[PDB]
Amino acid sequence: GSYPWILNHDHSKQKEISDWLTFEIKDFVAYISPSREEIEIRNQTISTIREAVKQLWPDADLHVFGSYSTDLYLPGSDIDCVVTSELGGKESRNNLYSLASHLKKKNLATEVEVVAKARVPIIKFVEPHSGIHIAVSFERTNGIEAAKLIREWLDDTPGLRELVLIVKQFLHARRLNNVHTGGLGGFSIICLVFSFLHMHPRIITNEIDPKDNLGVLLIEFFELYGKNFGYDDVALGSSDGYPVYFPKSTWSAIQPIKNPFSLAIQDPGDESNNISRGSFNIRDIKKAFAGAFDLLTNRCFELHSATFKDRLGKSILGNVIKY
């Protein structure tokens, strides 16, 4: 119910509510962004865990990949690590059981859970001293070509990180961000935002600067993907680092489509399948974006028509995201 990111950052006196919003987005993002101390601790614990892995396999190393090596992670989310000795393949599991047994014994984990992120077996736990959440696997879970797209998209796309964090937070407050239960995966979310940004009338024309317009773009993102996107008929891909729509009917690789209504995004490492196939709860996802649009827009009307005294210390984002 509190909106800590608002404290000492009131924009209630702003003329354009869509600026109010833009500024609040930046406040939240900075609030969810790490401190030097936070970083110090993270490195220590990671190193502590690496050191515990060396004990089983002195040849192995440990690297952070994913949300945490970009900065697209929500606080408290698992930080993903790969272990590097030739320990993967079919020996993957047997070796995870050993790492688990060992973590528990050395007190770097309490409850350890085995799970799977797309045929890649993963071990989730909490390092007790720091309370940090870790997920370990012997193989990166976000493809290879996909990962590279991410870093590149982040270079040539102002606003990408900010909108992704907001959308990520939104989806998470509702439990709409896990594939296990048919939510949107990480790459998929990044894709949607990226596409939207890169083919927005005011953006391809270089008329607008997203970083100065993330309020509207946020709303319009939920508007596009909540109210208008032809989920049944339109797919997403990339021809030459350029976001692209193509009709399902032309994607022959999958055209015996058992289920018409579902998100279709071209797998960067295999143009043969969509990585969004697993998001079976896409119906409720669309309902939720529309909800977000409704909430944001309604809120904007509500404030743009109230006394400045009633605006003091108010939050636009607060009720849409939860947190």
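Residue indices: 1-based, along the sequence shown.
Of the two segments, 290-298 and 252-260, the one listed with the higher mean B-factor is 252-260 (C-alpha atoms only). Note on 85-93 vs 170-178: mean CA B-factor is higher in 85-93. By the numbers in the PDB entry, the CA B factor is greatest at 207 among 162, 207, 127, 223. Annotation for 239, 101, 77, 195: 239 ranks highest, by Cα B-factor. In the deposited entry, the Cα temperature factor of residue 34 sits in the bottom third of values across the chain's modelled residues. The deposited CA B-factor of residue 62 belongs to the middle third of values across its chain. Among the modelled residues of its chain, residue 71 has a C-alpha B-factor that falls in the lowest third according to the deposited record. Split the chain's modelled residues into thirds by C-alpha temperature factor. Residue 114 is in the highest one.
In the deposited entry, the Cα temperature factor of residue 218 places it in the lowest third of its chain's modelled residues.
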